[PDB]
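S.K.: This is final.cif (mmCIF, N, CA and C atoms and all ligand atoms).
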data_final
loop_
_atom_site.label_atom_id
_atom_site.label_comp_id
_atom_site.auth_asym_id
_atom_site.auth_seq_id
_atom_site.Cartn_x
_atom_site.Cartn_y
_atom_site.Cartn_z
N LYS A 4 50.69 0.40 39.10
CA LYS A 4 49.70 1.30 39.69
C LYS A 4 48.31 1.04 39.14
N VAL A 5 47.41 2.00 39.36
CA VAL A 5 46.04 1.90 38.91
C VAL A 5 45.91 2.83 37.70
N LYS A 6 44.72 2.91 37.11
CA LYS A 6 44.48 3.66 35.89
C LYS A 6 43.67 4.91 36.20
N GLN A 7 44.08 6.03 35.62
CA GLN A 7 43.54 7.34 35.93
C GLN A 7 42.43 7.79 34.99
N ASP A 8 41.94 6.92 34.12
CA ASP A 8 40.83 7.29 33.25
C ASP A 8 39.59 7.66 34.06
N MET A 9 38.70 8.41 33.40
CA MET A 9 37.76 9.27 34.12
C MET A 9 36.67 8.53 34.90
N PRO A 10 35.90 7.61 34.31
CA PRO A 10 34.50 7.42 34.74
C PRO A 10 34.37 7.18 36.23
N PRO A 11 33.52 7.93 36.90
CA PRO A 11 33.32 7.76 38.35
C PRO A 11 32.32 6.67 38.67
N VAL A 12 31.92 6.60 39.94
CA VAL A 12 30.80 5.74 40.31
C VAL A 12 29.60 6.11 39.45
N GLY A 13 28.85 5.09 39.04
CA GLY A 13 28.01 5.22 37.87
C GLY A 13 26.90 6.25 38.00
N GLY A 14 26.57 6.86 36.87
CA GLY A 14 25.31 7.53 36.62
C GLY A 14 25.33 9.04 36.68
N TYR A 15 26.25 9.64 37.43
CA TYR A 15 26.30 11.09 37.60
C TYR A 15 24.97 11.66 38.09
N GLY A 16 24.12 10.85 38.70
CA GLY A 16 22.78 11.28 39.01
C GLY A 16 21.95 11.46 37.75
N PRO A 17 20.66 11.70 37.92
CA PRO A 17 19.78 11.86 36.75
C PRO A 17 19.96 13.21 36.09
N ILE A 18 19.47 13.29 34.86
CA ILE A 18 19.47 14.51 34.06
C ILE A 18 18.12 14.64 33.38
N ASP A 19 17.66 15.87 33.20
CA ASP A 19 16.34 16.14 32.64
C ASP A 19 16.50 16.83 31.30
N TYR A 20 16.21 16.09 30.22
CA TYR A 20 16.21 16.65 28.88
C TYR A 20 14.89 17.32 28.52
N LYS A 21 13.76 16.72 28.89
CA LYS A 21 12.49 16.98 28.24
C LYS A 21 12.03 18.43 28.42
N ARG A 22 11.17 18.85 27.50
CA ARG A 22 10.73 20.24 27.43
C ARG A 22 9.74 20.56 28.55
N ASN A 23 9.82 21.79 29.07
CA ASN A 23 8.91 22.24 30.11
C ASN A 23 8.54 23.69 29.84
N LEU A 24 7.24 23.98 29.67
CA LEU A 24 6.87 25.37 29.43
C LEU A 24 5.51 25.70 30.06
N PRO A 25 5.40 25.66 31.38
CA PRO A 25 4.09 25.60 32.04
C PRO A 25 3.48 26.91 32.52
N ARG A 26 2.42 26.75 33.32
CA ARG A 26 2.02 27.55 34.49
C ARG A 26 1.10 28.75 34.33
N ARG A 27 0.64 29.13 33.14
CA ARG A 27 -0.18 30.33 33.08
C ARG A 27 -1.63 29.93 33.25
N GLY A 28 -2.18 30.21 34.43
CA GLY A 28 -3.53 29.83 34.78
C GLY A 28 -4.52 30.98 34.83
N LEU A 29 -4.02 32.22 34.84
CA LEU A 29 -4.91 33.37 34.92
C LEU A 29 -5.80 33.49 33.70
N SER A 30 -5.55 32.71 32.65
CA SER A 30 -6.21 32.93 31.38
C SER A 30 -7.34 31.91 31.23
N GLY A 31 -8.55 32.37 31.49
CA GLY A 31 -9.74 31.85 30.88
C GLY A 31 -10.17 32.99 30.00
N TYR A 32 -11.46 33.11 29.71
CA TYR A 32 -11.93 34.41 29.29
C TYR A 32 -11.74 35.43 30.40
N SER A 33 -11.60 34.95 31.64
CA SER A 33 -11.59 35.82 32.80
C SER A 33 -10.56 36.94 32.70
N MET A 34 -9.54 36.79 31.86
CA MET A 34 -8.69 37.94 31.58
C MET A 34 -9.52 39.09 31.03
N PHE A 35 -10.36 38.80 30.03
CA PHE A 35 -11.34 39.79 29.62
C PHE A 35 -12.13 40.29 30.81
N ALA A 36 -12.50 39.39 31.72
CA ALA A 36 -13.35 39.81 32.82
C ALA A 36 -12.67 40.86 33.68
N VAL A 37 -11.37 40.72 33.91
CA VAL A 37 -10.70 41.69 34.75
C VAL A 37 -10.41 42.98 33.98
N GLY A 38 -10.07 42.88 32.70
CA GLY A 38 -9.83 44.09 31.93
C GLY A 38 -11.09 44.92 31.74
N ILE A 39 -12.11 44.28 31.15
CA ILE A 39 -13.42 44.90 31.03
C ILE A 39 -13.89 45.43 32.37
N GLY A 40 -13.62 44.68 33.44
CA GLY A 40 -13.88 45.21 34.77
C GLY A 40 -13.21 46.55 34.99
N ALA A 41 -11.92 46.63 34.67
CA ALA A 41 -11.20 47.89 34.85
C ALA A 41 -11.85 49.02 34.07
N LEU A 42 -12.25 48.76 32.82
CA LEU A 42 -13.06 49.74 32.11
C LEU A 42 -14.26 50.16 32.94
N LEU A 43 -15.05 49.18 33.38
CA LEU A 43 -16.26 49.46 34.14
C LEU A 43 -15.98 50.33 35.36
N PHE A 44 -14.77 50.27 35.90
CA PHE A 44 -14.39 51.21 36.95
C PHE A 44 -14.11 52.59 36.37
N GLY A 45 -13.31 52.64 35.31
CA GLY A 45 -12.93 53.92 34.73
C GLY A 45 -14.12 54.77 34.35
N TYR A 46 -15.12 54.18 33.70
CA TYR A 46 -16.24 54.99 33.27
C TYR A 46 -17.04 55.50 34.46
N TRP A 47 -17.14 54.70 35.51
CA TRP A 47 -17.78 55.15 36.74
C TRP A 47 -17.10 56.41 37.28
N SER A 48 -15.83 56.27 37.67
CA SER A 48 -15.12 57.39 38.27
C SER A 48 -15.11 58.60 37.35
N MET A 49 -14.73 58.39 36.09
CA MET A 49 -14.63 59.51 35.15
C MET A 49 -15.98 60.19 34.98
N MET A 50 -17.06 59.41 34.94
CA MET A 50 -18.40 59.98 34.94
C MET A 50 -18.56 60.97 36.08
N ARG A 51 -18.26 60.52 37.30
CA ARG A 51 -18.37 61.41 38.45
C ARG A 51 -17.58 62.69 38.24
N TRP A 52 -16.31 62.55 37.85
CA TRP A 52 -15.46 63.73 37.79
C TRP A 52 -15.92 64.71 36.72
N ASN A 53 -16.45 64.21 35.60
CA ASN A 53 -16.98 65.12 34.59
C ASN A 53 -18.22 65.83 35.09
N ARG A 54 -19.10 65.13 35.82
CA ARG A 54 -20.22 65.83 36.43
C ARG A 54 -19.73 66.99 37.30
N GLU A 55 -18.79 66.70 38.20
CA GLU A 55 -18.24 67.75 39.05
C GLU A 55 -17.71 68.91 38.23
N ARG A 56 -16.96 68.60 37.18
CA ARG A 56 -16.39 69.67 36.37
C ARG A 56 -17.47 70.50 35.68
N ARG A 57 -18.59 69.89 35.31
CA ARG A 57 -19.71 70.69 34.81
C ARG A 57 -20.25 71.61 35.88
N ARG A 58 -20.45 71.09 37.09
CA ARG A 58 -20.87 71.93 38.20
C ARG A 58 -19.97 73.16 38.31
N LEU A 59 -18.65 72.94 38.28
CA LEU A 59 -17.72 74.06 38.31
C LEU A 59 -17.92 74.97 37.11
N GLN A 60 -18.20 74.39 35.94
CA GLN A 60 -18.42 75.20 34.74
C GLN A 60 -19.54 76.20 34.97
N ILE A 61 -20.72 75.70 35.36
CA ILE A 61 -21.84 76.60 35.64
C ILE A 61 -21.43 77.65 36.66
N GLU A 62 -20.70 77.25 37.70
CA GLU A 62 -20.33 78.23 38.71
C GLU A 62 -19.47 79.35 38.12
N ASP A 63 -18.56 79.00 37.21
CA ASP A 63 -17.69 80.00 36.61
C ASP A 63 -18.47 80.94 35.69
N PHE A 64 -19.30 80.37 34.81
CA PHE A 64 -20.19 81.21 34.02
C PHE A 64 -21.03 82.11 34.90
N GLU A 65 -21.37 81.66 36.10
CA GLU A 65 -22.10 82.52 37.02
C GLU A 65 -21.24 83.69 37.46
N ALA A 66 -19.96 83.44 37.73
CA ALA A 66 -19.05 84.55 37.99
C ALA A 66 -19.12 85.58 36.87
N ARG A 67 -18.92 85.13 35.63
CA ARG A 67 -18.90 86.07 34.51
C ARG A 67 -20.21 86.83 34.39
N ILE A 68 -21.33 86.11 34.37
CA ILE A 68 -22.60 86.76 34.11
C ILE A 68 -22.95 87.73 35.23
N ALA A 69 -22.57 87.42 36.46
CA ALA A 69 -22.74 88.41 37.52
C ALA A 69 -21.85 89.62 37.29
N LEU A 70 -20.69 89.42 36.65
CA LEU A 70 -19.84 90.56 36.32
C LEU A 70 -20.44 91.46 35.25
N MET A 71 -21.08 90.88 34.23
CA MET A 71 -21.32 91.58 32.97
C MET A 71 -21.75 93.04 33.09
N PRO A 72 -22.72 93.42 33.93
CA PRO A 72 -23.17 94.83 33.91
C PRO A 72 -22.07 95.84 34.20
N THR B 1 13.89 6.90 17.21
CA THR B 1 12.52 6.78 16.74
C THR B 1 11.97 8.16 16.41
N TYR B 2 10.83 8.20 15.72
CA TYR B 2 10.25 9.47 15.31
C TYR B 2 9.36 9.99 16.42
N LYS B 3 9.65 11.19 16.89
CA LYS B 3 8.78 11.92 17.79
C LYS B 3 8.55 13.28 17.17
N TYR B 4 7.35 13.52 16.67
CA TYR B 4 7.15 14.67 15.80
C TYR B 4 6.26 15.70 16.46
N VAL B 5 6.41 16.93 15.99
CA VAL B 5 5.85 18.12 16.61
C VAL B 5 4.93 18.79 15.61
N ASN B 6 4.11 19.70 16.12
CA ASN B 6 3.23 20.52 15.30
C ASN B 6 2.10 19.71 14.67
N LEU B 7 2.14 18.39 14.78
CA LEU B 7 0.99 17.60 14.39
C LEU B 7 0.16 17.42 15.65
N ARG B 8 -0.94 18.15 15.72
CA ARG B 8 -1.76 18.29 16.91
C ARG B 8 -3.12 18.75 16.43
N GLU B 9 -4.13 18.58 17.28
CA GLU B 9 -5.43 19.13 16.93
C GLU B 9 -5.65 20.43 17.68
N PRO B 10 -5.57 21.58 17.02
CA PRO B 10 -6.07 22.81 17.64
C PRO B 10 -7.56 22.68 17.89
N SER B 11 -7.97 22.93 19.13
CA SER B 11 -9.36 22.75 19.49
C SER B 11 -10.16 23.96 19.05
N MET B 12 -11.11 23.75 18.15
CA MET B 12 -12.10 24.77 17.83
C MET B 12 -13.26 24.72 18.80
N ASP B 13 -13.19 23.85 19.79
CA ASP B 13 -14.18 23.79 20.85
C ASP B 13 -14.03 25.01 21.76
N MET B 14 -15.09 25.29 22.51
CA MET B 14 -15.07 26.44 23.40
C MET B 14 -14.06 26.21 24.52
N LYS B 15 -13.66 27.32 25.15
CA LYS B 15 -12.71 27.38 26.27
C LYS B 15 -11.27 27.22 25.80
N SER B 16 -11.07 26.65 24.61
CA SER B 16 -9.80 26.84 23.91
C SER B 16 -9.82 28.13 23.10
N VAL B 17 -10.89 28.33 22.33
CA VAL B 17 -10.97 29.48 21.45
C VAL B 17 -11.25 30.75 22.23
N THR B 18 -11.82 30.64 23.43
CA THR B 18 -11.82 31.76 24.35
C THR B 18 -10.41 32.31 24.46
N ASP B 19 -9.51 31.50 25.01
CA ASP B 19 -8.12 31.91 25.14
C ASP B 19 -7.44 32.14 23.80
N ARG B 20 -8.06 31.76 22.69
CA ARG B 20 -7.50 32.14 21.40
C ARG B 20 -7.85 33.58 21.02
N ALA B 21 -9.08 34.02 21.29
CA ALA B 21 -9.38 35.43 21.06
C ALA B 21 -8.69 36.30 22.09
N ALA B 22 -8.61 35.83 23.33
CA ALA B 22 -7.78 36.50 24.32
C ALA B 22 -6.33 36.52 23.89
N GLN B 23 -5.85 35.43 23.29
CA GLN B 23 -4.44 35.32 22.94
C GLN B 23 -4.08 36.23 21.78
N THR B 24 -4.78 36.09 20.65
CA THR B 24 -4.56 36.99 19.53
C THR B 24 -4.77 38.43 19.95
N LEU B 25 -5.82 38.68 20.72
CA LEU B 25 -6.28 40.04 20.93
C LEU B 25 -5.44 40.78 21.98
N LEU B 26 -5.20 40.16 23.13
CA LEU B 26 -4.66 40.86 24.30
C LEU B 26 -3.16 40.70 24.51
N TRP B 27 -2.46 39.95 23.67
CA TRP B 27 -1.00 39.80 23.73
C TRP B 27 -0.48 39.29 25.06
N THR B 28 -1.26 38.51 25.80
CA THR B 28 -0.81 38.11 27.12
C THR B 28 0.46 37.26 27.05
N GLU B 29 0.46 36.24 26.19
CA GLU B 29 1.64 35.39 26.04
C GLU B 29 2.86 36.21 25.64
N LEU B 30 2.72 37.02 24.59
CA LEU B 30 3.77 37.93 24.18
C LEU B 30 4.26 38.77 25.35
N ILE B 31 3.37 39.59 25.91
CA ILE B 31 3.74 40.47 27.02
C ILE B 31 4.37 39.67 28.16
N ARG B 32 3.54 38.88 28.85
CA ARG B 32 3.97 38.17 30.05
C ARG B 32 5.25 37.41 29.77
N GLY B 33 5.15 36.43 28.88
CA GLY B 33 6.26 35.55 28.61
C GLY B 33 7.51 36.30 28.24
N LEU B 34 7.44 37.14 27.21
CA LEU B 34 8.69 37.68 26.71
C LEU B 34 9.18 38.81 27.59
N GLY B 35 8.40 39.88 27.69
CA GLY B 35 8.81 41.00 28.51
C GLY B 35 9.31 40.57 29.88
N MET B 36 8.69 39.54 30.45
CA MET B 36 9.15 39.08 31.76
C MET B 36 10.46 38.30 31.65
N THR B 37 10.56 37.40 30.66
CA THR B 37 11.80 36.63 30.57
C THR B 37 12.98 37.47 30.12
N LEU B 38 12.75 38.70 29.64
CA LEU B 38 13.81 39.69 29.55
C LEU B 38 13.99 40.45 30.85
N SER B 39 12.89 40.69 31.57
CA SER B 39 12.94 41.34 32.88
C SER B 39 13.72 40.47 33.85
N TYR B 40 14.12 39.30 33.37
CA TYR B 40 15.18 38.37 33.78
C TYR B 40 16.60 39.03 33.72
N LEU B 41 16.57 40.29 33.28
CA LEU B 41 17.69 41.22 33.18
C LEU B 41 18.64 41.16 34.37
N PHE B 42 18.09 41.17 35.58
CA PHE B 42 18.84 41.44 36.80
C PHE B 42 19.98 40.45 37.06
N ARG B 43 20.02 39.30 36.41
CA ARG B 43 21.14 38.39 36.63
C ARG B 43 22.45 39.04 36.22
N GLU B 44 23.47 38.86 37.05
CA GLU B 44 24.73 39.54 36.86
C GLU B 44 25.34 39.13 35.53
N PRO B 45 25.51 40.05 34.59
CA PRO B 45 26.01 39.68 33.28
C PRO B 45 27.39 39.07 33.38
N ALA B 46 27.75 38.35 32.33
CA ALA B 46 29.08 37.76 32.24
C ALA B 46 29.90 38.62 31.29
N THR B 47 30.79 39.42 31.87
CA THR B 47 31.75 40.22 31.12
C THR B 47 33.02 40.31 31.94
N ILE B 48 34.15 40.32 31.25
CA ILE B 48 35.46 40.28 31.88
C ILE B 48 36.29 41.42 31.31
N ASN B 49 37.04 42.09 32.18
CA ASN B 49 37.82 43.25 31.77
C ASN B 49 39.19 42.74 31.33
N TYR B 50 39.44 42.79 30.02
CA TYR B 50 40.56 42.03 29.47
C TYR B 50 41.92 42.55 29.92
N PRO B 51 42.20 43.85 29.92
CA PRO B 51 43.48 44.30 30.49
C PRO B 51 43.69 43.81 31.91
N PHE B 52 42.67 43.90 32.74
CA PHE B 52 42.81 43.63 34.16
C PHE B 52 42.37 42.23 34.57
N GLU B 53 41.80 41.45 33.65
CA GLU B 53 41.28 40.12 33.93
C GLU B 53 41.40 39.31 32.66
N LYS B 54 41.53 37.99 32.79
CA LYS B 54 41.70 37.16 31.61
C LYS B 54 40.92 35.86 31.77
N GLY B 55 40.34 35.40 30.66
CA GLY B 55 39.53 34.21 30.65
C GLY B 55 40.33 32.95 30.90
N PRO B 56 39.64 31.83 31.07
CA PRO B 56 40.32 30.58 31.40
C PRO B 56 41.00 29.97 30.18
N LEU B 57 42.00 29.14 30.46
CA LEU B 57 42.77 28.45 29.43
C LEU B 57 43.15 27.07 29.96
N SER B 58 44.00 26.38 29.21
CA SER B 58 44.32 24.99 29.48
C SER B 58 45.81 24.74 29.30
N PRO B 59 46.38 23.80 30.05
CA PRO B 59 47.82 23.53 29.92
C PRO B 59 48.23 23.10 28.52
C1 LIG A 101 -19.12 46.94 28.37
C2 LIG A 101 -19.22 48.10 27.41
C3 LIG A 101 -18.42 47.86 26.14
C4 LIG A 101 -16.96 47.56 26.40
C5 LIG A 101 -16.20 47.10 25.17
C6 LIG A 101 -14.76 46.72 25.43
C7 LIG A 101 -14.20 45.79 24.37
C8 LIG A 101 -12.76 45.37 24.58
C9 LIG A 101 -12.31 44.28 23.62
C10 LIG A 101 -10.81 44.24 23.41
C11 LIG A 101 -10.25 45.62 23.12
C12 LIG A 101 -9.01 45.65 22.25
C13 LIG A 101 -7.80 44.97 22.82
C14 LIG A 101 -6.54 45.33 22.08
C15 LIG A 101 -6.68 45.23 20.58
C16 LIG A 101 -5.49 45.81 19.83
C17 LIG A 101 -5.43 45.39 18.37
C18 LIG A 101 -5.34 43.91 18.17
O1 LIG A 101 -6.18 43.13 18.50
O2 LIG A 101 -4.20 43.56 17.58
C19 LIG A 101 -4.01 42.14 17.40
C20 LIG A 101 -3.32 41.84 16.10
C21 LIG A 101 -3.45 40.39 15.72
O3 LIG A 101 -2.39 39.99 14.83
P1 LIG A 101 -2.69 38.97 13.63
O4 LIG A 101 -3.22 37.70 14.17
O5 LIG A 101 -1.49 38.95 12.78
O6 LIG A 101 -3.85 39.72 12.82
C22 LIG A 101 -5.17 39.17 12.61
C23 LIG A 101 -5.56 39.58 11.22
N1 LIG A 101 -6.47 38.58 10.61
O7 LIG A 101 -1.91 42.27 16.18
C24 LIG A 101 -1.07 41.65 17.02
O8 LIG A 101 -1.40 40.84 17.83
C25 LIG A 101 0.35 42.09 16.79
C26 LIG A 101 0.73 43.41 17.44
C27 LIG A 101 2.14 43.38 17.99
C28 LIG A 101 2.73 44.74 18.31
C29 LIG A 101 4.19 44.68 18.68
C30 LIG A 101 4.48 44.17 20.07
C31 LIG A 101 4.03 45.13 21.16
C32 LIG A 101 4.49 44.74 22.55
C33 LIG A 101 4.02 45.67 23.65
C34 LIG A 101 2.52 45.85 23.68
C35 LIG A 101 1.95 46.37 24.99
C36 LIG A 101 2.18 47.84 25.30
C37 LIG A 101 1.34 48.31 26.48
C38 LIG A 101 1.29 49.81 26.72
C39 LIG A 101 2.55 50.41 27.31
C40 LIG A 101 2.27 51.65 28.14
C41 LIG A 101 1.37 52.63 27.44
#
Take the structure I supplied and represent it as structure tokens, if you would.
Ligand SMILES: CCCCCCCCCCCCCCCCCC(=O)OC[C@H](COP(=O)(O)OCCN)OC(=O)CCCCCCCCCCCCCCCCC
M.R.:
Amino acid sequence: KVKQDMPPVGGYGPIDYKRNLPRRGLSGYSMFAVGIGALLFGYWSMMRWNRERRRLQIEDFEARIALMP
Amino acid sequence: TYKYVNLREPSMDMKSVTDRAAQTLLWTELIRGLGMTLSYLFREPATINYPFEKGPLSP
């Protein structure tokens, strides 16, 4: 008969050993640019809302002071 | 043959050290890389119920 030992048609195809750890492109300083940007949004909006809340504050004190007598 | 690691020139030139202050400061590599490669969670774990299932063996 023939022999049943293993090796097949040669090569088993290619195999990739070498190291790969790629792909993060979002990082220049521009990460700072987007974060600091987010701050620049927060202070804008929050500024507005605190102004509004002061307006309400004066209005409430007006309620009280009109009550006082 | 010798192929050695960690012998490299860290660039003190600009645009490298940008991402170095970003790197030390903002934890992007830590966060993105690790938290995400654990967020790799969803792959179906490998566990077998031993009373009702049994691992492979050989003749
Ligand atoms: C325009 C008007 C003005 C605007 C000004 C705005 C300026 C913004 C500039 C940046 C602001 C600060 C950014 C964050 C700084 C936090 C503190 C920090 O930088 O820590 C880094 C520090 C570095 O570590 P090391 O190199 O060992 O120490 C150097 C000592 N020579 O320590 C570390 O790196 C190690 C810390 C590791 C902690 C454990 C791992 C934590 C993993 C999860 C973190 C993320 C959680 C996010 C929040 C969750 C939800 C709340």
S.K.: Any chance you could tabulate, as CSV, the residues of chain A at most 8 Å from ligand LIG 101 (chain A) with each one's nearest atom pair and distance in Å to one decimal, using only N, CA and C atoms and all ligand atoms, in chain and rising number order?
M.R.:
residue,atom,partner,partner_atom,distance
A:35,CA,A:LIG101,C9,7.6
A:38,C,A:LIG101,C8,7.4
A:39,CA,A:LIG101,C6,6.0
A:40,N,A:LIG101,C1,7.8
A:42,CA,A:LIG101,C4,7.3
A:43,N,A:LIG101,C1,6.8
S.K.: With a cut-off of 10 Å and counting only C-alpha atoms, select all residues of chain B in contact with chain A and give the selection as a list in words.
M.R.: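 Selected residues: residues 15, 16, 17, 18, 19, 20, 21, 22, 23, 26, 28, 29, 32 and 33 of chain B.
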S.K.: What is the CA of residue 6 in chain B-atom N of residue 19 in chain A distance in Å, reported with one decimal?
M.R.: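 Taking CA of residue 6 in chain B and atom N of residue 19 in chain A, their separation equals 23.5 Å.
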S.K.: Write out as a ChimeraX atom specification all residues of chain B that DSSP puts in alpha helix (DSSP H) for this structure's backbone.
M.R.: /B:17-26,28,36-38
S.K.: If I take CA of residue 40 in chain B and atom C of residue 28 in chain A, how far is one from the other in Å, to one decimal?
M.R.: 21.1 Å
